[PDB]
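Heads up, the chain below is alone and in the form solved without N-benzyl-N,N-diethylethanaminium; it's given as structure tokens.
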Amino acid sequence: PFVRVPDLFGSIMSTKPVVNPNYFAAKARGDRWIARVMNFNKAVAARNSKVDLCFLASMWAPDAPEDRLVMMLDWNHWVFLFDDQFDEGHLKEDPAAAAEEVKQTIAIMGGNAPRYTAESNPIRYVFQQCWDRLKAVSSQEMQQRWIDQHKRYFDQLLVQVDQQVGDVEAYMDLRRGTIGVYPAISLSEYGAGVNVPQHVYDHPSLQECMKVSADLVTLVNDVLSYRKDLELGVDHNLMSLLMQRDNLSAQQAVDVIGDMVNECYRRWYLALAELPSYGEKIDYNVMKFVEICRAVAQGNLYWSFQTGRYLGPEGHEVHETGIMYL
């Protein structure tokens, strides 16, 4: 059988995506570097290359210069390897060790961390290398924003571990953090050279744009991963949550996710309506920040279909037809 999936390419997702022309040069530099850093064999490095996090980063900040794009690729490799420790690895059912990993990773960011090496701790090494470059070209305010957005991610990782070993709104709240879109937006502020002032960034409208970006990524992933989750019999996902809540069929559940996607767009514009002008000079950067929020979600969407992340090399037919066979 099948479900008719919601069109995920509507409204602000419907425009032609722009990809960083430095994609090829950065992919060559960053895929081999992380392979060297992590001791990837020939197979693992090729699998990672296929995953192509460079494509994702290249849509988040399409005019980042090559060196910043490489840092963004390094960060995406970090996130991917870091996050795995909590979802599937040695921290998955260990709240005390998870909290300590978070504590030591935070300490990298201007705290009392040692100088790591690839050999002493390869994952923390990558994060430290990203932080060095971040802190070299960012104001103190920017540096603190990067710290604070990563802490929003780390905080929900710890909530997740507590739930692992130890409601749609509660699910979305958790995913908002764990999906990693908030620090991804900080990373893109760095790649694109955008520095919205903190008091403007803190406006509820811009905070809602970030929320919308994180929700769109969560919702798209929950749609596209359904076949895979069904194959491997998982339970911790929004489809299963909606089906179990009211005994919805898969089709009825996916339709509800379609409603939430379309409500993201409504929230987006209603937030922008409430966002005051701060004058041309600041507004110029506010619109670039708004574009970063959109591009993180649209990048996730195109990258998911491009790389066969959830639907294999033939998942593009889901895009064209709207049918996701099971």
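For clarity, a rigid core is taken as the largest C-alpha set superposing within 1.5 Å between two forms. The first residue of the shown sequence is 1; numbering continues from there.
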Unresolved deposited residues in the interval that joins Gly166 and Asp167: 4 to 9
Per the entry, higher mean C-alpha B factor between 313-321 and 18-26: 313-321
Segment of higher mean CA temperature factor, 199-207 or 170-178: 170-178
In terms of CA temperature factor as recorded, identify the highest of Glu100, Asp235, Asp74, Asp255. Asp235
Note to self: of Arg124, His150, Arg133, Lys92, the C-alpha temperature factor tops out at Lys92
Using the B-factors in the PDB entry, rank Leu326's C-alpha atom against the chain and give the third, lowest, middle or highest. highest
Third of the chain's Cα B-factor distribution that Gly191 belongs to, per the entry: lowest
Test of reading the entry: by CA B factor among the chain's modelled residues, which third contains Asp162? highest
Which third of the chain does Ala113 land in by C-alpha B-factor: lowest, middle or highest? highest
Taking the C-alpha B-factors as the PDB entry records them, is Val3 in the lowest, middle or highest third of its chain? highest
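Beyond the structure shown, there is the form solved in complex with N-benzyl-N,N-diethylethanaminium, which is absent from this document and is the topic of what follows.
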Which of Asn221, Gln128, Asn237, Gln156 has a heavy atom within 4.5 Å of N-benzyl-N,N-diethylethanaminium in the deposited bound form? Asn221
What is the one choice in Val212, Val79, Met71, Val161 with a heavy atom within 4.5 Å of N-benzyl-N,N-diethylethanaminium in the deposited bound form? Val79
Please check if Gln298 has a heavy atom lying within 4.5 Å of any heavy atom of N-benzyl-N,N-diethylethanaminium in the deposited bound form. no
How about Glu208: is it within 4.5 Å of N-benzyl-N,N-diethylethanaminium in the deposited bound form, going by heavy atoms? no
Please run the contact check for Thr178 against N-benzyl-N,N-diethylethanaminium in the deposited bound form: heavy atoms, 4.5 angstroms, yes or no? yes
Contact of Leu216 with N-benzyl-N,N-diethylethanaminium in the deposited bound form (heavy atom, 4.5 Å): no
Of the candidate stretches 180-188, 144-152, 251-259, 197-205, the one with residues having heavy atoms within 4.5 Å of N-benzyl-N,N-diethylethanaminium in the deposited bound form is 180-188
Is N-benzyl-N,N-diethylethanaminium close enough to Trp60, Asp83 and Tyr310 in the deposited bound form that each of the three has a heavy atom within 4.5 Å of it? yes
With the two forms aligned on the rigid core, which of the residues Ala107, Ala96, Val137, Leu230 moves its CA by 2 Å or more between this form and the one not shown? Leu230
So with the core overlaid, does the Cα of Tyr310 end up 2 Å or more away between this form and the one not shown? yes
Under a superposition restricted to the rigid core, does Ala253 display a Cα displacement of 2 angstroms or more between this form and the one not shown? yes
Does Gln207 count as moved between this form and the one not shown, where moved means a C-alpha shift of 2 angstroms or more after fitting the rigid core? no
